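Q: Once you've had a glance at the structure underneath, I'll fire off some questions.
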Amino acid sequence: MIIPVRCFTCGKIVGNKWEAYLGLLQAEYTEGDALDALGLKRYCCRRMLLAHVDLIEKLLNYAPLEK
Amino acid sequence: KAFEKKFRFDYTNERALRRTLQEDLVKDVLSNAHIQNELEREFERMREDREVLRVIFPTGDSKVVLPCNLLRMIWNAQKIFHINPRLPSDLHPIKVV
Amino acid sequence: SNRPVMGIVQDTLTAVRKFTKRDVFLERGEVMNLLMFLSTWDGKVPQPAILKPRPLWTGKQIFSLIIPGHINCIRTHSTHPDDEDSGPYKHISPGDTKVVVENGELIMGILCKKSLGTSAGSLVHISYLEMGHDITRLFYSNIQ
Amino acid sequence: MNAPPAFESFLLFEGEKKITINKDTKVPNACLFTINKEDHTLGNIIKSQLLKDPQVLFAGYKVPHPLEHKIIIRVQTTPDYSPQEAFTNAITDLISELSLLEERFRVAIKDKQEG
Amino acid sequence: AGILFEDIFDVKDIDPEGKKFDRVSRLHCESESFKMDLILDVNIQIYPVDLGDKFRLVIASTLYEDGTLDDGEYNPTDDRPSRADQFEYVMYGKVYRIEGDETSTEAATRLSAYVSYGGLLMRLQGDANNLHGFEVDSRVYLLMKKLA
Amino acid sequence: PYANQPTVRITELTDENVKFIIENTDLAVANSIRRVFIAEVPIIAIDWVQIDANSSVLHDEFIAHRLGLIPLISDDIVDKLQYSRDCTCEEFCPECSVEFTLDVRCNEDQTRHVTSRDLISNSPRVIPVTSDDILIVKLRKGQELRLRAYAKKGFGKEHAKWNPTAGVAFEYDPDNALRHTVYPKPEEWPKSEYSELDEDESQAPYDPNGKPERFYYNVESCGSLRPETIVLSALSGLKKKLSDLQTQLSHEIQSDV
Ligand SMILES: [Zn+2]
Ligand SMILES: [Zn+2]
C-alpha cells in the first residue's frame, strides 16, 4: 500500500526515502544510481524501495466517505 | 564337505582341542566314549535338521524370520563376560548339548 | 514388517552423517555444549581421542555416549563398496564406511539411513529390542 | 489468541526466582543453575567465562526450549572449590571486564572526536 | 611401565587410494628392527606429517607409566602424576579385535592389531612375539614424536 | 581465571555509523555485546496510540503500527525515564512517558503527506529524528487525521520498534585462519574488507593454536540513539544485567546455605 518505514531485515529507516527515490527516478537516475544516492548499500534495504508498489495513490483516487 | 567341517566337532585332532578347549576338558572329552556318542548323536540330529530345511526351503533362501537373534546375543555374551577368543575356553561341549 | 517405524529422519539424519565422519573434531566447549543435551549422560566427560597437542574429541566418541547400555550392531554406510569385504582393509575401511558398534560404543563407520533409519536390523531396532522402549525413547530424543 | 505477551523473556512475574541452584547427584561437587526469563545473551557469557577458570572441569549453558525463557547452567569444578563460588567469580570477572571495556571505549571515543 | 609396544616407524605412503577426509590422512608405515607393518589414521592439520619421516610410535596402556590405571576420564588437573609428555602427538583409543594367521592346530606366528581411537583406526601387523600385549576391549594410548 | 584486557580502536565514527574493533577478548562476550546492540539497549518509541478521527484510507492500527516504528531521539532522556511497569503512577506520567499529538486535515485538493514533522511532542528533547520526512500516511482533499500517542521506554526484546540500531555488521577472523568455516573452493570467495592477506592467496594458513580475537564491528544507528551512545548503553545494560544476576545469586547462596 504505502512505503513501509523501517526496512524489515535490518531496520534502517526507508519510509522517508520513497518520494526522493521517485524524484530521482523521474529526473535522471536509474534505479541503481537512485538507490546508491539514497545511501542504501545493503540489498535488504534496496529491495524495499525497488520492489515497492504504491497503492496509496490508487486508494486516493476514490472520493472520501465524508467530503 | 563344508557342513561336516563346520558342524562335526572332530575330537580326534588332539591339537585343535588343546587350542580351543581347556586342558582339563580335553582328557574328559577323549577318554569317555559317552561324550563322543552324545556328540555324534547331536551331529546326526543336525544332519536330519539339514535335510528337513532343504525340504522346507528350496531355492536355497537362507534368510528367515525368527523370534530371537542368536548371533547378536552370542556377541552380547562375548562382550558382557569379556570373552577372549585368543585363549582356550572352559566350556564343556556336553554341557552345551 | 518387524521393523522400527520411527527413525532419525531429515535434518538430524543429515547432520548425523556429517557428524559421524572421521573428519569431525570437537573442541572442549563444543563438547560440553553437546554433552548437556544428552539427558541420559552420567556426568563423566570421556577422554578425548586426541590428547596432545590439544584435547580434541571426535563425533563418534561423543555419539557413543548416546547409544544406550551396551548395544552390539553391525551396519554398512550407503557409500560402502563391495570390494572392501573381499580384499584387505575389511575391518579398516579406508573410506570409513560400514558400521561397527561394540559394547554400546561407536567404534567406526558413518551413520546414515541404513543405520539410524527405519529398516530391519537398524541400530535403533537393536536398541529397541535389546534395551526396551523407554530407553530407546531417550536414545531418539538425545540423538535429535 | 495463544500468543504470549511480549514481556515474558525478561519480566519476572509473581512466584519465580531469578536463579535457582540444584546440586547434581551424578558427579561430586557439580551444581545446576536455573536462570528464569533469560536467554543466550548471558547463557553463553557465563559459559565462556567459566572455561577461563582452570579449576572448572565442566561448564556450559543450554536453553531447555526456545518457546520458554529459561537457562540451565551446569558447572563442575575440582574438589575443594564450590561451583557456586566459581559462578560468582565468573560474574564478577565479567563485570570487571565490561567496566574496563567501557572505560577504554570512552577513552577511544574521546581520542577520535577532536583528536 | 605399562608400555605395550615401542618402535620407530617410517612413512612409506600417505594416500594409496586417495584423500577421503581432508583433515585425516592414513599413514602407511613400515618399521625398522621389528619389521612392524603399520597403517594409522592421523589428524593432519593439527599434526602435519609427510612422506619419509622417522617418528617414534609408542603404545601404552597408561600415560602415567608408574603402573596405575587411568579410570578412563578426562581431567586436565591430572598433571601431578607426571604424565608421559615427551611425545608431540598423543591419542587415546580402544583395540576392537586381534587378527592372526593361526588355523586349528598351529599357533599364531603373526598378529594384527585393530585399535580405534574414537574413529581413527589403525592396523599393526607383525610377529606375535612382541604384539602379544594387546587384549581385545582394552584401553590403549598412542604416542607419536617426529625424529630428525 | 581472570579477565583478559580488551582494547578498542574506532576506525569510522559518523552521526549514523560507528566502526570499531575489539581485541584481546573472548568470542562469547563479543557476540553478547553484538546481541545487546539489538535487544537490550533502551530506547523511546511510541507504544500507546489513541485515534480520535481517522479519515485516511489506511485503517486505525495500520497508522498506529507506522507511528510505532517512527524513531525518536532518545540520546539523553532515555536513561532518566523509567519503564511504565516500574513507574509509581497509573497509566502514563511525564516521568514514565512522552506525549505525542498529531492533527492533520487536508483541505486543498492536492494530496497532503502526513509526515513525522506533523508529530508534536510535549518535551523538546524527543524529536522524531527531524533536526527527509518519514511518511505516515497520505491524505486526499476532505480526509482528516487526529490522534494522541504516548511514547514509552523499551528495548529490542519487547518489540522491533524498540530496536535502536540498523544492521549491526559483526565479523571476526576475516582471512579464515581458524577454519571455523571451510570453503569447498577458497579461490572463488571474495576477500573481506578487513582481509590482511595479499590478493594472490585465498586463505591464511591454518592456525591450530589460534582462538577468535579482533572482532570487527560496524554499528549503524537508526537515528534515534547516536551510534556511540548505542554501544555505551549496550555495555552499561549488559553490565547491569550481570550485576542483577550477581545480586540474585548472592541472595540465593545465602538463603540456601
Ligand atoms: Zn535493510
Ligand atoms: Zn508515570
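Ordered as shown in the C-alpha cells, chains take letters A, B, and onward, while each chain numbers its residues from 1 and ligands are numbered from 1 in the order shown.
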Would you kindly return, as a ChimeraX atom specification, each protein, DNA or RNA residue with an atom no farther than 12 Å from any atom of residue 73 of chain B, considering only C-alpha atoms and excluding same-chain residues fewer than 4 positions away?
A: /B:68-69,77-81 /C:70-73,103,126,129-130
Q: Just N, CA and C atoms for this one: save the residues we selected as a PDB file, in the first residue's frame.
A:
ATOM      1  N   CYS B  68      14.241 -64.629  18.177  1.00  0.00           N
ATOM      2  CA  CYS B  68      15.395 -64.050  18.853  1.00  0.00           C
ATOM      3  C   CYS B  68      16.650 -64.236  18.014  1.00  0.00           C
ATOM      4  N   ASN B  69      17.492 -63.203  17.998  1.00  0.00           N
ATOM      5  CA  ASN B  69      18.692 -63.172  17.169  1.00  0.00           C
ATOM      6  C   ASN B  69      19.813 -63.913  17.887  1.00  0.00           C
ATOM      7  N   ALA B  77      26.936 -61.912  24.781  1.00  0.00           N
ATOM      8  CA  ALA B  77      27.545 -62.733  25.820  1.00  0.00           C
ATOM      9  C   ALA B  77      29.062 -62.633  25.775  1.00  0.00           C
ATOM     10  N   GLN B  78      29.634 -62.574  24.571  1.00  0.00           N
ATOM     11  CA  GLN B  78      31.075 -62.382  24.451  1.00  0.00           C
ATOM     12  C   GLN B  78      31.504 -61.066  25.082  1.00  0.00           C
ATOM     13  N   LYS B  79      30.753 -59.996  24.837  1.00  0.00           N
ATOM     14  CA  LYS B  79      31.170 -58.704  25.370  1.00  0.00           C
ATOM     15  C   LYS B  79      30.862 -58.530  26.856  1.00  0.00           C
ATOM     16  N   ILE B  80      29.733 -59.052  27.341  1.00  0.00           N
ATOM     17  CA  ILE B  80      29.367 -58.864  28.743  1.00  0.00           C
ATOM     18  C   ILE B  80      30.358 -59.570  29.659  1.00  0.00           C
ATOM     19  N   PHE B  81      30.770 -60.780  29.293  1.00  0.00           N
ATOM     20  CA  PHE B  81      31.627 -61.598  30.136  1.00  0.00           C
ATOM     21  C   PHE B  81      33.098 -61.488  29.757  1.00  0.00           C
TER      22      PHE B  81
ATOM     23  N   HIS C  70      24.777 -51.365  26.418  1.00  0.00           N
ATOM     24  CA  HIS C  70      25.853 -51.986  25.655  1.00  0.00           C
ATOM     25  C   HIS C  70      25.232 -52.644  24.430  1.00  0.00           C
ATOM     26  N   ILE C  71      25.086 -51.868  23.361  1.00  0.00           N
ATOM     27  CA  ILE C  71      24.409 -52.298  22.146  1.00  0.00           C
ATOM     28  C   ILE C  71      25.455 -52.780  21.153  1.00  0.00           C
ATOM     29  N   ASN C  72      25.213 -53.949  20.563  1.00  0.00           N
ATOM     30  CA  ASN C  72      26.101 -54.521  19.560  1.00  0.00           C
ATOM     31  C   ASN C  72      25.359 -54.583  18.236  1.00  0.00           C
ATOM     32  N   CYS C  73      25.911 -53.934  17.213  1.00  0.00           N
ATOM     33  CA  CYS C  73      25.263 -53.869  15.912  1.00  0.00           C
ATOM     34  C   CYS C  73      26.311 -53.617  14.838  1.00  0.00           C
ATOM     35  N   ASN C 103      29.964 -53.047  22.386  1.00  0.00           N
ATOM     36  CA  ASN C 103      29.784 -52.701  23.797  1.00  0.00           C
ATOM     37  C   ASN C 103      29.117 -51.339  23.970  1.00  0.00           C
ATOM     38  N   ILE C 126      17.905 -52.459  17.000  1.00  0.00           N
ATOM     39  CA  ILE C 126      18.664 -53.197  18.004  1.00  0.00           C
ATOM     40  C   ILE C 126      18.503 -52.548  19.371  1.00  0.00           C
ATOM     41  N   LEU C 129      15.051 -53.561  20.696  1.00  0.00           N
ATOM     42  CA  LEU C 129      14.932 -54.971  21.052  1.00  0.00           C
ATOM     43  C   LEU C 129      15.757 -55.313  22.286  1.00  0.00           C
ATOM     44  N   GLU C 130      17.013 -54.870  22.329  1.00  0.00           N
ATOM     45  CA  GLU C 130      17.902 -55.248  23.420  1.00  0.00           C
ATOM     46  C   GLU C 130      17.579 -54.499  24.710  1.00  0.00           C
TER      47      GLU C 130
END
Q: Find the residues near ligand 2. Use a cut-off of 12 Å, count only C-alpha atoms and all ligand atoms, and write them as a VMD selection string.
A: chain F and resid 81 to 99 150 to 153
Q: Dump N, CA, C and O atoms for the selected residues as a PDB file, in the first residue's frame?
A:
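Heads up, here's the output in out_18.pdb:
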ATOM      1  N   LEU F  81      14.296   8.375  32.129  1.00  0.00           N
ATOM      2  CA  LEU F  81      12.931   7.896  32.013  1.00  0.00           C
ATOM      3  C   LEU F  81      12.835   6.454  32.507  1.00  0.00           C
ATOM      4  O   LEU F  81      13.692   5.613  32.225  1.00  0.00           O
ATOM      5  N   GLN F  82      11.776   6.174  33.260  1.00  0.00           N
ATOM      6  CA  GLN F  82      11.558   4.856  33.835  1.00  0.00           C
ATOM      7  C   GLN F  82      10.540   4.078  33.014  1.00  0.00           C
ATOM      8  O   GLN F  82       9.691   4.659  32.332  1.00  0.00           O
ATOM      9  N   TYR F  83      10.639   2.753  33.084  1.00  0.00           N
ATOM     10  CA  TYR F  83       9.652   1.900  32.438  1.00  0.00           C
ATOM     11  C   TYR F  83       8.278   2.135  33.050  1.00  0.00           C
ATOM     12  O   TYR F  83       8.146   2.341  34.259  1.00  0.00           O
ATOM     13  N   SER F  84       7.247   2.108  32.203  1.00  0.00           N
ATOM     14  CA  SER F  84       5.887   2.309  32.685  1.00  0.00           C
ATOM     15  C   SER F  84       5.465   1.238  33.682  1.00  0.00           C
ATOM     16  O   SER F  84       4.647   1.518  34.565  1.00  0.00           O
ATOM     17  N   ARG F  85       5.999   0.022  33.558  1.00  0.00           N
ATOM     18  CA  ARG F  85       5.683  -1.027  34.522  1.00  0.00           C
ATOM     19  C   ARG F  85       6.217  -0.686  35.907  1.00  0.00           C
ATOM     20  O   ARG F  85       5.543  -0.927  36.915  1.00  0.00           O
ATOM     21  N   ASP F  86       7.422  -0.124  35.979  1.00  0.00           N
ATOM     22  CA  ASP F  86       8.053   0.213  37.247  1.00  0.00           C
ATOM     23  C   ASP F  86       7.661   1.590  37.761  1.00  0.00           C
ATOM     24  O   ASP F  86       8.052   1.952  38.875  1.00  0.00           O
ATOM     25  N   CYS F  87       6.908   2.364  36.986  1.00  0.00           N
ATOM     26  CA  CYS F  87       6.537   3.703  37.413  1.00  0.00           C
ATOM     27  C   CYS F  87       5.422   3.649  38.451  1.00  0.00           C
ATOM     28  O   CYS F  87       4.526   2.804  38.393  1.00  0.00           O
ATOM     29  N   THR F  88       5.493   4.570  39.413  1.00  0.00           N
ATOM     30  CA  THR F  88       4.520   4.590  40.501  1.00  0.00           C
ATOM     31  C   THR F  88       3.125   4.939  39.997  1.00  0.00           C
ATOM     32  O   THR F  88       2.130   4.347  40.433  1.00  0.00           O
ATOM     33  N   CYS F  89       3.030   5.899  39.081  1.00  0.00           N
ATOM     34  CA  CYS F  89       1.734   6.380  38.631  1.00  0.00           C
ATOM     35  C   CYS F  89       1.031   5.336  37.770  1.00  0.00           C
ATOM     36  O   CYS F  89       1.661   4.512  37.101  1.00  0.00           O
ATOM     37  N   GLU F  90      -0.297   5.379  37.799  1.00  0.00           N
ATOM     38  CA  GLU F  90      -1.083   4.587  36.870  1.00  0.00           C
ATOM     39  C   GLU F  90      -1.050   5.226  35.485  1.00  0.00           C
ATOM     40  O   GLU F  90      -0.769   6.419  35.330  1.00  0.00           O
ATOM     41  N   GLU F  91      -1.341   4.410  34.471  1.00  0.00           N
ATOM     42  CA  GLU F  91      -1.300   4.845  33.079  1.00  0.00           C
ATOM     43  C   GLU F  91       0.056   5.449  32.735  1.00  0.00           C
ATOM     44  O   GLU F  91       1.077   4.756  32.771  1.00  0.00           O
ATOM     45  N   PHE F  92       0.078   6.739  32.403  1.00  0.00           N
ATOM     46  CA  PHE F  92       1.297   7.408  31.974  1.00  0.00           C
ATOM     47  C   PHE F  92       1.454   8.743  32.683  1.00  0.00           C
ATOM     48  O   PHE F  92       0.470   9.444  32.936  1.00  0.00           O
ATOM     49  N   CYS F  93       2.694   9.083  32.998  1.00  0.00           N
ATOM     50  CA  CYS F  93       3.081  10.363  33.572  1.00  0.00           C
ATOM     51  C   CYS F  93       4.325  10.844  32.849  1.00  0.00           C
ATOM     52  O   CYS F  93       5.006  10.061  32.179  1.00  0.00           O
ATOM     53  N   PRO F  94       4.648  12.137  32.944  1.00  0.00           N
ATOM     54  CA  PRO F  94       5.854  12.635  32.263  1.00  0.00           C
ATOM     55  C   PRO F  94       7.140  11.976  32.727  1.00  0.00           C
ATOM     56  O   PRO F  94       8.131  12.005  31.987  1.00  0.00           O
ATOM     57  N   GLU F  95       7.165  11.381  33.921  1.00  0.00           N
ATOM     58  CA  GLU F  95       8.366  10.691  34.375  1.00  0.00           C
ATOM     59  C   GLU F  95       8.450   9.275  33.819  1.00  0.00           C
ATOM     60  O   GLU F  95       9.441   8.575  34.054  1.00  0.00           O
ATOM     61  N   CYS F  96       7.427   8.828  33.092  1.00  0.00           N
ATOM     62  CA  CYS F  96       7.422   7.487  32.521  1.00  0.00           C
ATOM     63  C   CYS F  96       7.075   7.455  31.038  1.00  0.00           C
ATOM     64  O   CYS F  96       7.189   6.394  30.419  1.00  0.00           O
ATOM     65  N   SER F  97       6.662   8.576  30.450  1.00  0.00           N
ATOM     66  CA  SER F  97       6.222   8.567  29.063  1.00  0.00           C
ATOM     67  C   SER F  97       6.348   9.960  28.465  1.00  0.00           C
ATOM     68  O   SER F  97       6.563  10.947  29.174  1.00  0.00           O
ATOM     69  N   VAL F  98       6.212  10.022  27.142  1.00  0.00           N
ATOM     70  CA  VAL F  98       6.222  11.273  26.393  1.00  0.00           C
ATOM     71  C   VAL F  98       4.978  11.318  25.520  1.00  0.00           C
ATOM     72  O   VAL F  98       4.683  10.355  24.803  1.00  0.00           O
ATOM     73  N   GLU F  99       4.256  12.433  25.572  1.00  0.00           N
ATOM     74  CA  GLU F  99       3.016  12.589  24.827  1.00  0.00           C
ATOM     75  C   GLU F  99       3.294  13.140  23.434  1.00  0.00           C
ATOM     76  O   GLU F  99       4.023  14.126  23.283  1.00  0.00           O
ATOM     77  N   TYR F 150       1.347   8.161  23.184  1.00  0.00           N
ATOM     78  CA  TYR F 150       2.335   8.178  24.254  1.00  0.00           C
ATOM     79  C   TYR F 150       3.510   7.301  23.853  1.00  0.00           C
ATOM     80  O   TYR F 150       3.316   6.200  23.326  1.00  0.00           O
ATOM     81  N   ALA F 151       4.721   7.784  24.102  1.00  0.00           N
ATOM     82  CA  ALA F 151       5.935   7.038  23.813  1.00  0.00           C
ATOM     83  C   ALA F 151       6.543   6.520  25.108  1.00  0.00           C
ATOM     84  O   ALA F 151       6.738   7.278  26.062  1.00  0.00           O
ATOM     85  N   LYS F 152       6.846   5.229  25.134  1.00  0.00           N
ATOM     86  CA  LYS F 152       7.373   4.560  26.315  1.00  0.00           C
ATOM     87  C   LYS F 152       8.846   4.224  26.107  1.00  0.00           C
ATOM     88  O   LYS F 152       9.408   4.421  25.027  1.00  0.00           O
ATOM     89  N   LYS F 153       9.466   3.705  27.160  1.00  0.00           N
ATOM     90  CA  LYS F 153      10.846   3.245  27.122  1.00  0.00           C
ATOM     91  C   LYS F 153      10.847   1.725  27.065  1.00  0.00           C
ATOM     92  O   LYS F 153      10.235   1.070  27.915  1.00  0.00           O
TER      93      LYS F 153
END
Q: Identify all chain E residues at most 10 Å from chain F by counting only C-alpha atoms; ligands do not count. Present them as a list in words.
A: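 So the residues of chain E near chain F are residues 45, 46 and 47 of chain E.
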Q: When you look at residue 11 of chain F with a cut-off of 9 Å (counting only C-alpha atoms), what residues show up, excluding the ones that are within fewer than 2 positions of it in the same chain? I need them as a ChimeraX atom specification.
A: /D:112 /F:9,13,18-21
Q: Identify every residue of chain A that has at least one atom within 7 Å of any atom of chain F, counting only C-alpha atoms, and report the result as a JSON list (two decimals) with N, CA and C atoms, in the first residue's frame.
A:
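Contents of result.json, freshly written:
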[["chain", "number", "residue", "atom", "x", "y", "z"],
["A", 5, "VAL", "N", 8.07, 2.07, 6.53],
["A", 5, "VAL", "CA", 9.23, 2.54, 7.26],
["A", 5, "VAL", "C", 9.94, 1.36, 7.91],
["A", 6, "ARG", "N", 11.22, 1.55, 8.25],
["A", 6, "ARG", "CA", 11.98, 0.54, 8.97],
["A", 6, "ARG", "C", 12.10, -0.77, 8.20],
["A", 10, "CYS", "N", 16.78, -5.30, 8.43],
["A", 10, "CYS", "CA", 17.75, -4.71, 9.34],
["A", 10, "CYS", "C", 17.11, -3.66, 10.25],
["A", 11, "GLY", "N", 16.21, -2.84, 9.72],
["A", 11, "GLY", "CA", 15.58, -1.79, 10.48],
["A", 11, "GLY", "C", 15.93, -0.38, 10.07],
["A", 12, "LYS", "N", 16.73, -0.19, 9.02],
["A", 12, "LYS", "CA", 17.06, 1.15, 8.56],
["A", 12, "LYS", "C", 15.80, 1.86, 8.07],
["A", 13, "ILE", "N", 15.73, 3.16, 8.36],
["A", 13, "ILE", "CA", 14.56, 3.97, 8.03],
["A", 13, "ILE", "C", 14.52, 4.11, 6.51],
["A", 15, "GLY", "N", 11.08, 4.84, 5.20],
["A", 15, "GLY", "CA", 9.79, 5.46, 4.95],
["A", 15, "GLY", "C", 9.91, 6.88, 4.42],
["A", 16, "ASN", "N", 11.04, 7.53, 4.67],
["A", 16, "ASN", "CA", 11.28, 8.89, 4.19],
["A", 16, "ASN", "C", 11.99, 8.93, 2.85],
["A", 59, "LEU", "N", -5.60, 4.31, -4.00],
["A", 59, "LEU", "CA", -6.63, 4.43, -2.98],
["A", 59, "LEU", "C", -7.10, 5.86, -2.79],
["A", 60, "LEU", "N", -6.27, 6.85, -3.14],
["A", 60, "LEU", "CA", -6.65, 8.25, -3.01],
["A", 60, "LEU", "C", -7.52, 8.74, -4.16],
["A", 64, "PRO", "N", -13.59, 10.47, -0.71],
["A", 64, "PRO", "CA", -13.67, 10.07, 0.70],
["A", 64, "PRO", "C", -15.11, 9.84, 1.12],
["A", 66, "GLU", "N", -16.56, 10.88, 3.69],
["A", 66, "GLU", "CA", -17.08, 12.20, 4.05],
["A", 66, "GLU", "C", -16.27, 13.26, 3.32],
["A", 67, "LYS", "N", -16.97, 14.25, 2.77],
["A", 67, "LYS", "CA", -16.35, 15.30, 1.98],
["A", 67, "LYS", "C", -15.54, 16.26, 2.85]]
Q: Might you pull out every residue within 8 Å of residue 67 of chain E, with only C-alpha atoms counted and same-chain residues fewer than 5 positions away left off, and present them as a list in words?
A: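 Near neighbours after the sequence-gap exclusion: residues 1, 2 and 62 of chain E.
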Q: Taking only C-alpha atoms into account, name the residue in C:1, C:127, C:136, C:39 that is nearest to chain D.
A: C:39
Q: Any idea what's packed within 9 Å of residue 75 of chain C, counting only C-alpha atoms, ignoring anything in its chain fewer than 4 positions away? Could you give it as a count of residues only?
A: 11
Q: Neighbouring residues of residue 4 of chain D were defined as those with any atom within 12 Å, considering only C-alpha atoms; residues of the same chain fewer than 5 positions away were excluded. Please report them as JSON, numbers by chain.
A: {"D": [9, 67, 68, 69], "F": [158]}
Q: Could those residues be written to a file, using N, CA and C atoms, as a PDB file, in the first residue's frame?
A:
ATOM      1  N   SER D   9      10.164 -12.582  28.213  1.00  0.00           N
ATOM      2  CA  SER D   9      11.545 -13.028  28.089  1.00  0.00           C
ATOM      3  C   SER D   9      12.443 -12.351  29.115  1.00  0.00           C
ATOM      4  N   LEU D  67      10.710 -21.674  23.076  1.00  0.00           N
ATOM      5  CA  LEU D  67       9.436 -21.020  23.354  1.00  0.00           C
ATOM      6  C   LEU D  67       9.288 -20.645  24.821  1.00  0.00           C
ATOM      7  N   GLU D  68      10.049 -21.278  25.706  1.00  0.00           N
ATOM      8  CA  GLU D  68      10.112 -20.894  27.106  1.00  0.00           C
ATOM      9  C   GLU D  68      11.394 -20.111  27.351  1.00  0.00           C
ATOM     10  N   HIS D  69      11.407 -19.322  28.416  1.00  0.00           N
ATOM     11  CA  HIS D  69      12.529 -18.438  28.710  1.00  0.00           C
ATOM     12  C   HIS D  69      13.208 -18.937  29.979  1.00  0.00           C
TER      13      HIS D  69
ATOM     14  N   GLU F 158      11.289  -6.632  23.596  1.00  0.00           N
ATOM     15  CA  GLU F 158       9.844  -6.451  23.607  1.00  0.00           C
ATOM     16  C   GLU F 158       9.283  -6.395  22.192  1.00  0.00           C
TER      17      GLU F 158
END
Q: Could you please select, counting only C-alpha atoms, the residues of chain D within 9 Å of chain E and state them as an NGL selection string?
A: :D and (54-55 or 57 or 78)
Q: Put those residues in a file: N, CA, C and O atoms, as a CSV table (one decimal), in the first residue's frame.
A:
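Wrote it out as part17.csv, contents follow:
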chain,number,residue,atom,x,y,z
D,54,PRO,N,40.8,-22.3,35.4
D,54,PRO,CA,41.4,-23.6,35.3
D,54,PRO,C,40.8,-24.6,36.3
D,54,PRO,O,41.0,-25.8,36.1
D,55,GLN,N,40.1,-24.1,37.3
D,55,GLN,CA,39.6,-25.0,38.4
D,55,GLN,C,38.2,-25.5,38.0
D,55,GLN,O,37.6,-26.2,38.8
D,57,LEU,N,36.0,-28.0,35.7
D,57,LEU,CA,36.1,-29.1,34.9
D,57,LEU,C,35.0,-29.2,33.8
D,57,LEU,O,35.3,-29.7,32.7
D,78,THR,N,36.9,-28.6,40.3
D,78,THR,CA,37.8,-29.5,41.1
D,78,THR,C,37.3,-29.6,42.5
D,78,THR,O,36.7,-28.7,43.0
Q: When DSSP is applied to the backbone of this structure, which of segment 39-206 of chain F are assigned strand (DSSP E)? Write them out as a PyMOL selection string.
A: chain F and resi 43-54+98-105+112-115+120-121+135-139+144-154+169-171
Q: Near chain E, which residues of chain C fall within 10 Å when you count only C-alpha atoms, and what do they look like as a PyMOL selection string?
A: chain C and resi 20-25+44-64+89+91-96+100+102-103+105-110
Q: Take the residues from that selection and write them out as a CSV table (one decimal), in the first residue's frame, keeping C-alpha atoms.
A:
chain,number,residue,atom,x,y,z
C,20,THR,CA,29.9,-39.3,12.4
C,21,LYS,CA,32.8,-39.0,10.0
C,22,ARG,CA,36.5,-39.2,11.0
C,23,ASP,CA,36.9,-35.7,9.7
C,24,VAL,CA,35.0,-34.0,12.5
C,25,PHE,CA,36.8,-32.9,15.7
C,44,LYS,CA,31.6,-38.1,33.2
C,45,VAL,CA,33.4,-36.4,30.3
C,46,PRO,CA,35.0,-39.0,28.2
C,47,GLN,CA,38.7,-38.7,27.5
C,48,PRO,CA,39.3,-37.1,24.1
C,49,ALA,CA,40.5,-39.3,21.2
C,50,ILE,CA,43.3,-36.7,20.7
C,51,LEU,CA,45.0,-35.5,23.9
C,52,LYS,CA,48.1,-33.7,22.6
C,53,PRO,CA,48.9,-31.1,21.4
C,54,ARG,CA,45.3,-30.0,22.2
C,55,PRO,CA,42.4,-32.1,23.5
C,56,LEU,CA,40.1,-32.9,20.6
C,57,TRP,CA,37.1,-35.2,20.8
C,58,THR,CA,35.6,-37.0,17.8
C,59,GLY,CA,32.0,-37.2,16.6
C,60,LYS,CA,31.9,-41.0,17.1
C,61,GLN,CA,33.3,-40.7,20.6
C,62,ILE,CA,30.5,-38.3,21.7
C,63,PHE,CA,27.9,-40.3,19.8
C,64,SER,CA,28.9,-43.5,21.6
C,89,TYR,CA,41.1,-53.4,4.9
C,91,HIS,CA,37.9,-54.2,9.2
C,92,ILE,CA,39.8,-51.0,8.5
C,93,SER,CA,37.5,-49.4,5.9
C,94,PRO,CA,39.6,-46.7,4.2
C,95,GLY,CA,36.5,-44.7,3.3
C,96,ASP,CA,35.4,-45.2,7.0
C,100,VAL,CA,30.6,-51.3,14.0
C,102,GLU,CA,30.7,-52.7,20.1
C,103,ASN,CA,29.8,-52.7,23.8
C,105,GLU,CA,30.3,-47.6,21.7
C,106,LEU,CA,30.5,-46.5,18.1
C,107,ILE,CA,34.0,-47.8,17.1
C,108,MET,CA,34.0,-47.0,13.4
C,109,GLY,CA,31.9,-46.1,10.5
C,110,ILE,CA,29.4,-43.5,9.1
Q: Excluding residue 215 of chain F and its own-chain neighbours fewer than 4 positions away, which residues fall within 12 Å of it when counting only C-alpha atoms? Please give them as number ranges by chain.
A: F: 6-9, 19-31, 33-34, 169-174, 194, 211
Q: Can you list, as a ChimeraX atom specification, all residues belonging to segment 13-147 of chain E that DSSP tags as helix (DSSP H, G or I)?
A: /E:128-131
Q: If we count only C-alpha atoms, which residues of chain E reach to within 12 Å of chain B? Please list them as a list in words.
A: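 Only these qualify: residues 96, 97, 98, 99, 100, 101, 102, 103, 104, 105, 106, 107, 108, 111, 128, 132, 133, 134, 135, 136, 137 and 138 of chain E.
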Q: So the first atom is atom CA of residue 191 of chain F and the second is atom CA of residue 35 of chain F; what is the distance between them in Å, to one decimal place?
A: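 Atom CA of residue 35 of chain F lies at a distance of 25.4 Å from atom CA of residue 191 of chain F.
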Q: Can you work out the spacing between atom CA of residue 28 of chain C and atom CA of residue 56 of chain D in Å, to one decimal?
A: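 Atom CA of residue 28 of chain C sits 12.0 Å away from atom CA of residue 56 of chain D.
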Q: At what distance in Å, to one decimal, does atom CA of residue 21 of chain B lie from atom CA of residue 92 of chain B?
A: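 It comes out at 8.0 Å.
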Q: Considering only C-alpha atoms, extract the chain D residues located within 8 Å of chain F and return them as a ChimeraX atom specification.
A: /D:6-7,9-10,18-21,41-42,44-45,48,52-54,84,88,91-102,104-105,108-109,112
